[PDB]
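These notes concern the structure reproduced below.
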Amino acid sequence: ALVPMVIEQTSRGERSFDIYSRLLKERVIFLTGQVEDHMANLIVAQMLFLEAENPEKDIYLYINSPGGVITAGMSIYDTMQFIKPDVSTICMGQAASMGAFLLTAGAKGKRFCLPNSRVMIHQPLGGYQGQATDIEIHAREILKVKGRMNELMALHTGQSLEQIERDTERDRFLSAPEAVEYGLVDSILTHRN
Amino acid sequence: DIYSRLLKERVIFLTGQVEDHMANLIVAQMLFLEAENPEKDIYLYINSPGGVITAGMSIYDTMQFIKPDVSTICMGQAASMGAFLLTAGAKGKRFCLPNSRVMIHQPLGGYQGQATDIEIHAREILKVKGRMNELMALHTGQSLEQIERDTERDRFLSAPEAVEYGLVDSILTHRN
Amino acid sequence: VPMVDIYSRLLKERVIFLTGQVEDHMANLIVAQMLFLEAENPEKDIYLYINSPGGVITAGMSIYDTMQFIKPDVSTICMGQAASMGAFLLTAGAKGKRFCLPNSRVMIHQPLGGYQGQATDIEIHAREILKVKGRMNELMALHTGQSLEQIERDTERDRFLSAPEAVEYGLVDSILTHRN
Amino acid sequence: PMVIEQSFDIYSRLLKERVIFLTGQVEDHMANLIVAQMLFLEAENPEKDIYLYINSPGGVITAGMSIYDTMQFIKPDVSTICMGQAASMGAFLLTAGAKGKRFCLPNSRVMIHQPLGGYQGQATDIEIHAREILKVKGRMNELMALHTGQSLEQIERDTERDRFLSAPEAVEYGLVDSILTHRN
Amino acid sequence: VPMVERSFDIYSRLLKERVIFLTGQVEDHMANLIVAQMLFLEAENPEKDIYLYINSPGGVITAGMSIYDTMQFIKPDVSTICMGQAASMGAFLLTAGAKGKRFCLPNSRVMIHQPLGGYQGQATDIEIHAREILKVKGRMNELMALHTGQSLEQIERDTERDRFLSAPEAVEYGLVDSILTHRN
Amino acid sequence: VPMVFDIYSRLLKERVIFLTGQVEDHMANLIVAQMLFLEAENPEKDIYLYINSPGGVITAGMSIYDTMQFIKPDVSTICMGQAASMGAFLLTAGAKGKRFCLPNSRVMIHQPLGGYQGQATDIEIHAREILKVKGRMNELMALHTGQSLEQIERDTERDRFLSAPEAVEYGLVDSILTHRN
Amino acid sequence: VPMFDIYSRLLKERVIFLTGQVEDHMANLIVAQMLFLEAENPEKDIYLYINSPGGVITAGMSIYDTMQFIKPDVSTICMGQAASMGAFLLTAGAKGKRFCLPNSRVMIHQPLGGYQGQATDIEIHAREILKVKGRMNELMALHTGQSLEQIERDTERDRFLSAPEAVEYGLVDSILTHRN
Amino acid sequence: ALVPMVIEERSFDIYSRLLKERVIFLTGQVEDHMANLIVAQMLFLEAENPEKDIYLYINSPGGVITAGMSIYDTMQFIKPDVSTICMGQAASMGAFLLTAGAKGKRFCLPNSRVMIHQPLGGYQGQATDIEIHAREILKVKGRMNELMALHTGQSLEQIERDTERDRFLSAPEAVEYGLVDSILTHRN
Amino acid sequence: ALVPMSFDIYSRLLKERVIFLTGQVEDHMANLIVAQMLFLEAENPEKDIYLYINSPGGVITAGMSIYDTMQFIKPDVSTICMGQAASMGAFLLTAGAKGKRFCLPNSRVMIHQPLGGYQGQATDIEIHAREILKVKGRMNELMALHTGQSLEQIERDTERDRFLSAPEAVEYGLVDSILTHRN
Ligand SMILES: CC(C)(C(=O)NCCSc1ccccc1Cl)S(=O)(=O)c1ccc(C(F)(F)F)cn1
Ligand SMILES: CC(C)(C(=O)NCCSc1ccccc1Cl)S(=O)(=O)c1ccc(C(F)(F)F)cn1
Ligand SMILES: CC(C)(C(=O)NCCSc1ccccc1Cl)S(=O)(=O)c1ccc(C(F)(F)F)cn1
Ligand SMILES: CC(C)(C(=O)NCCSc1ccccc1Cl)S(=O)(=O)c1ccc(C(F)(F)F)cn1
Ligand SMILES: CC(C)(C(=O)NCCSc1ccccc1Cl)S(=O)(=O)c1ccc(C(F)(F)F)cn1
Ligand SMILES: CC(C)(C(=O)NCCSc1ccccc1Cl)S(=O)(=O)c1ccc(C(F)(F)F)cn1
Ligand SMILES: CC(C)(C(=O)NCCSc1ccccc1Cl)S(=O)(=O)c1ccc(C(F)(F)F)cn1
Ligand SMILES: CC(C)(C(=O)NCCSc1ccccc1Cl)S(=O)(=O)c1ccc(C(F)(F)F)cn1
Ligand SMILES: CC(C)(C(=O)NCCSc1ccccc1Cl)S(=O)(=O)c1ccc(C(F)(F)F)cn1
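Here is the structure:
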């Protein structure tokens, strides 16, 4: 039924798990599609759940996303940094905009691209409508957000802030090897050994 | 052609929303009247809720450029760009009808796109805001700082209040 | 229609029609017609037929101030109905020269409006429509001869008046039945 | 929504730890859900803290006030944690948390402003509804002043137009008590 | 949505403690559900109070009256609690609660007004339907007078247009008995 | 439109043409026909093109541009309100010494925008084409303004707004018209 | 519509405009203008300005055959763009009298179409558009001087040409820059 | 439209049942969420038993390339072989994922059809940004052609020539092309 | 779910190896049919499967996913037309195991050629028209095989919609007989 169930055994008896809750028992979380508040809250809740079950074991965050809303992405980002476990990140398909941000935000040494995934980074997009006074207020805010985002990308990639600023004024696409070279991820996963 | 008839008496009507084509129609009429006689006054009746600033400025500059004085007359209302054009009329020849109202405020706008472009378009509408306030101060006799304070939010003025503010010169009540 | 135009024809006799909803452009058409007529002859009366459910106050006030400004008297004739701004412009006609047809009706009420936005701006716009309301009530008290308080009480909700009741109220001067 | 049958999602899973999420637009039904969770948790244990995560652009004031008054009424402390953003009613409910237990995540943002509204109708009714939203605005300003430590006059000035705050600025403003960066 | 061997949604959990939520617009089906919950609760214990939380902008009068007559018919007291807002029919049902057991949360608001309606058709039918809504208005005013202690004439005057009341004003008017602030 | 001859036709006999609103094929064709007609009435006398436009379609704008250059009379341009994108391009394309801004008009310049949908092969074809158009427009812009090609390129990667005085300094127009002399 | 309009005036100068999408009714206007001009003077050139993205082929062929049938030469002038059928009609002008303005562009490609229905009917309509394609390629070859095989290769996908390239391709004979 | 259940008490939908037998269905257009579901099933199966084959039935008109590549790389990464079976059709990304199956274990049903072609895309915006997005989709086109060459045994040059326009193949033509290894007709 | 204990009436009949194909044929309902056949085959590769068909037809490739599954699996698939079997529905009806294809007495069958549609460059139009003509040929060949009619007869009869009563469908070779009352 759309999402398949699996049957796992006792403890107290047979119990049904949808395929995602099943993978969750293996410390795996999926980030898929556009980033927005509710899908982001779901991810946050999963991260919290997993930290609790075991604050010492790694969490694996698969990312396939075109990007999305920045504040929603930051609820995930700050959770990744806050919880005790390392969050290993794995890009499959693509990680663009906020998707790329969260990918590179993973634990150092534990950020990966699948061989044919692609990454894209760029500056924030936005929009307001209203009085000039309010326009200035909202324009200043998004410039502050852009700057803050550039700083964090600088931190996680190892690139200079100026390098990040220059490279993200317009859409920049990277292959998996180019992403390793850029510092967005640490290596490429090709085969289970 | 009741309007064409009145155009022959150097009367032009600015009615409704200010936008490029109705503004162009006003500009063409002003150019025509100037030509037919550069010495005689032109009368611009204004009844408008406002509209697009660049379209309004095409009228503003035409009003200043041509040789004849442009007398402005507010009937009903002159709001936003409508109030601007009302107050832009020739000194001593700007009028309100007794029950017209005037409203002044700052520019509204909107953009969508990359942050870099958002800054560019924000800087531009802020510059336009600044320029409009300077022109408003110039024509009303109010200080720039006074205009800035009074146009942050919508400000309504009755006809007598508009005379005192310097937006118009007097009220027309009955023909002489 | 009817392409000889029937209105252009009637305009030559200083007859103007205000028909349907009051808004800026039809109001501007009326103002233009009054100006033309004043010029054509500043001493002869103008006849304004009114059949209207009302409309935008500022557009209506462009007609009102024009009526008061020009030198000729504007005789007003209510046909069908004169409601809201229609009733206002009817009673605004030259004293002694305001008429209802026998089966026309008049309706008076307070202004309607609406805003959306910040509370500060809501307060600004509410304050404005209240000023307009007060001003409209003063002008109606003035033209009907009613006290301001009577106008205020009667326009809080829709008030319908027959042609005889409109004469009695002071909205018009008399009823026209048959041409003399 | 991460489902184990016995319909039991990740949120039900987190509720077992007295953690509640306020996410997205504030309105009557999502708020009723929040109130119900707080009532359930209080009973399960009236002495242990409740944790309310907030990620919201704001929403309807009367709905927000259902959550506010419930937060104050129940016996447990409600610790509030801003993630992503807390704007308008979201910021209001955030600062409404138990003193000392209101937090911002490092890269969350807070925004405060005055109420928005709208009416359509007769001038008399317009006036009734305008005075009502002005009364609501005053009440909100008083409560904000109370919870932040700012003066009423300061809140009034600062909320005439949208005001954005970083997490450090929100601490400095008194909206929250501290920034959470890493699990203890 | 939140769940808590056995499984049960949180509203079901609260229902077992005689708490019913009335949230949003009053209409036939949501009203049916409330009536049904009241009956269930009476059976479970005809002596213990029932608590009806109200957060509503109002709604359909006949729907509301199905709740009203049910509140009056059953044996248990129905204590009413306003959270967020109780407007129009929401306010009526709030004040219809058991005397001494009607409450406002400190920052909830109440609004009262007359019925709204509309018909279209022949003048003869227009008269029939106009006469009917006038009868409903009269009855609603009588019952409002009954529960508030206000005179019929005062209710009539006070409800010709929307009237908003703060929680203290609602106690003063007699719509509710007191304010709930803090648990014991 | 008032009669006196419609107001625009009346102005046309005085060699005045209005370019108003978005540039597209049919309004552009109207401009072109007016220019051909005027060239006719007198191949020696100046033509006046008032411009108030947010821009529009490039190929439509180029029909006006090439007509301006082809015909015998000088086409003097006057910006009122605004001249943006293609509107700015046509403004600066006027006869040298006869390009004007009204004092409170504004000018905006940027690169072309476009869009295609289809197979990668065709995307490549259409992408290369708009890139050629971009280069041609920058060369022509450099030509009429006096700016270097490299300068035009850098300044038009994003929207660049100019006041009437700034447009004069940039070389987009020759001077400001303030009062009829 | 600056007025007798500006187009009627230019028509008196044997100038016809083909502007926008090619379809039956605008095409019929062009054919009618050409017939009229042939009449007024069967020996003098007709000037056809073209600014078009293309359009319906049969509609374009009504113009094409009219151009060839009438006695006067039809000179074609591309301003802005001549794409698809627009480019076809440009190149179809009288030998030696086909022009591009300097910054006009030309685009050529194969026909587009679409059908839906039974497989049998799909086959009928596919066969037809393929015949139209072949016929258009032959005609393009004829007017450009290119070989049939060169046209076929160059029009499988959109091919853009600058004004100098269009002269070199044989689509037009020269570039007009300034009037003689 | 409901999914059939079975009682045995306990219950499960037939798809969950087939999943326990290591059968996964890829059906309809390829897009992120259905692709994620396929990825998750593959992960789950690798788990239950990293040595046993996984069977992916494919009936798809194609879809989003990046979504398809999330499946492609998962197929390549996991330890078990992924056998692919085309029923109905495998077009565009569907044909790509079909040919990406474990060598020797890629099948067409007798009346399935396969279609291969180059990527489609579209952008709107400034010329500078148009160039960036055109450059990117051309890189993608190139990468897909290389991978197609790899799995089919065709030369990169042959793949390039054959995919400029839609190319349809019958099941025997798909075997001859190297898209699949054989045709499944009847069960053993 | 409609009639459950969710365990609906269809799940109950599935336990008796009865599958329903109802309404328009498209990928997802087809996949559901395929999944049920696979499930039934595994539970018992020797017992017949019963496929009830009431369908106006639908997408050919979706239908062929069902067809090839029917032929691949070990059990015989008996087909029963109720109401109607039109286009792809008639095809799957006649695709059942020979001797085990039935019409109910007042069901009707309709056969015809493929329908389709494309839009684009002439070159691409040719590619897609050639493809639907190949599909048409293959479907005519398969219809001839299962009905016993000559290729020429199928072709002549399917250029336009051809309606058949249940007796006419038996006589045509589309089904083997009519089911009227249960044994
Ligand atoms: C909000 C908290 C309580 C939280 O998320 N708790 C639940 C973790 S999920 C979980 C826990 C145990 C067992 C099972 C699960 Cl799923 S917290 O650990 O992020 C937290 C938040 C705030 C504070 C403090 F600020 F009060 F110190 C301390 N801890
Ligand atoms: C653009 C001009 C020619 C203009 O508006 N001309 C027509 C005025 S309308 C008219 C004129 C004569 C007779 C009848 C009419 Cl309707 S101008 O007079 O505003 C003008 C514009 C520019 C320059 C100059 F910059 F070249 F000096 C000189 N004059
Ligand atoms: C704006 C004026 C000039 C006006 O309406 N003029 C045209 C009247 S219509 C007309 C006049 C003459 C012949 C034919 C017609 Cl239709 S006015 O008479 O209302 C007027 C308006 C303002 C002033 C003054 F303020 F300058 F004194 C003087 N007169
Ligand atoms: C309405 C009440 C009864 C309430 O929320 N009850 C249910 C609490 S949820 C719960 C309780 C016990 C066990 C488990 C759960 Cl989930 S109350 O505690 O808010 C309340 C409301 C009103 C009054 C009084 F006014 F009658 F005194 C007393 N108590
Ligand atoms: C119709 C009756 C039999 C009724 O509601 N019966 C079922 C009550 S719910 C119940 C009873 C026993 C055990 C369990 C439950 Cl849930 S009643 O006549 O007792 C009755 C009950 C209630 C009302 C009213 F409150 F709606 F007016 C009117 N009549
Ligand atoms: C196309 C032509 C004839 C044109 O526009 N003619 C009409 C000009 S409008 C006119 C002219 C005189 C009097 C009145 C009017 Cl409206 S042209 O003069 O631009 C032209 C175009 C092309 C060639 C040539 F290539 F054949 F040399 C020669 N002349
Ligand atoms: C259809 C015809 C009559 C036609 O277009 N006639 C009108 C030309 S427009 C014209 C001609 C002269 C004067 C004024 C005008 Cl507008 S024709 O000349 O193209 C024509 C068409 C067909 C035949 C014939 F086949 F019968 F011989 C002879 N002539
Ligand atoms: C992210 C991992 C842990 C993963 O997909 N786990 C879920 C496997 S599903 C599963 C496995 C066992 C039992 C049950 C299930 Cl559902 S992984 O095997 O793809 C993996 C990913 C990354 C790394 C490393 F980079 F850290 F080395 C090592 N392993
Ligand atoms: C894909 C396969 C394995 C399949 O359909 N498997 C699941 C059958 S359903 C089932 C099976 C066992 C128990 C319960 C159920 Cl429901 S197959 O039988 O169609 C198949 C497909 C391919 C090959 C081979 F090519 F590798 F030989 C062999 N078998």
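Residue numbers (the authors' numbering), protein chains in the order written: chain B, 15 to 207; chain I, 32 to 207; chain J, 17 to 20, 32 to 207; chain C, 18 to 23, 30 to 207; chain D, 17 to 20, 28 to 207; chain H, 17 to 20, 31 to 207; chain N, 17 to 19, 31 to 207; chain A, 15 to 22, 28 to 207; chain G, 16 to 20, 30 to 207.
Note that beta-carbon positions come from the ideal geometry of N, C-alpha and C, so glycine has one too.
* Inter-residue Cα distance where the pair is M19 (chain D) and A54 (chain B) -> 21 Å
* Asked: What is the DSSP secondary structure of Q177 (chain B), reduced to helix, strand or coil?
  -> helix
* **chain I contact residues for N164 (chain J), given Cβ-Cβ distances below 8 Å** => Neighbours of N164 (chain J) on chain I: none; closest Cβ ~13 Å, over 8 Å.
* Can you give me the start and stop residues for the alpha helix (DSSP H) that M112 (chain A) sits inside? => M112 to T118
* To do: Verify the CB distance criterion: does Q48 (chain I) have a CB-CB separation below 9 Å to chain B?
  => no
* Extent of the continuous beta strand (DSSP E) run through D32 (chain B) -> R29 to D32
* Start and end of the alpha helix (DSSP H) containing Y196 (chain G)? -> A190 to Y196
* Contact under 9 Å by Cβ, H170 (chain J) with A119 (chain J) -> yes
* Asked: Is the beta carbon of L16 (chain A) sitting closer than 9 Å to the one on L17 (chain G)?
  -> yes
* Hey, is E65 (chain D) close to ligand 5, as in C-beta under 8 Å from one of its heavy atoms? -> yes
* Asked: Sorry if obvious, but does the Cβ on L38 (chain N) come closer than 8 Å to a heavy atom of ligand 7?
  -> no
* Asked: When you compare only the Cα positions, how much space is there between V101 (chain H) and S89 (chain H)?
  -> 14 Å
* Whole angstroms is fine: what's the gap from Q177 (chain A)'s alpha carbon to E165 (chain A)'s? => 11 Å
* Note the first and the last residue of the continuous alpha helix (DSSP H) segment covering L56 (chain C). => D51 to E67
* Asked: Got a sec: is the Cβ-Cβ distance from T85 (chain C) to anything in chain J below 9 Å?
  -> no
* Asked: Can you name, in chain order, every residue of its own chain whose Cβ lies under 8 Å from the Cβ of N68 (chain J), other than the five neighbours on each side?
  -> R41 and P99
* Contact under 9 Å by Cβ, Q108 (chain B) with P80 (chain B) -> yes
* Would you report the Cα separation of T103 (chain J) and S189 (chain D), rounded to the nearest angstrom? -> 50 Å
* Asked: When the Cα atoms are used, what is the spatial distance from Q95 (chain C) to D200 (chain D)?
  -> 20 Å
* Straight-line CA distance for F31 (chain B) to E22 (chain B)? -> 7 Å
* To do: Could you tell me which chain H residues have their CB closer than 9 Å to the CB of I33 (chain N), listed as they occur along the chain?
  => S35, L38, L56, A59, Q60, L62 and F63
* What are the start and end residues of the beta strand (DSSP E) that includes residue 29 (chain J)? -> Between 20 and 32 the numbering of chain J has a gap, and residue 29 (chain J) falls inside it, with no coordinates.
* Asked: Do you know offhand how far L203 (chain C)'s Cα is from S131 (chain C)'s?
  -> 10 Å
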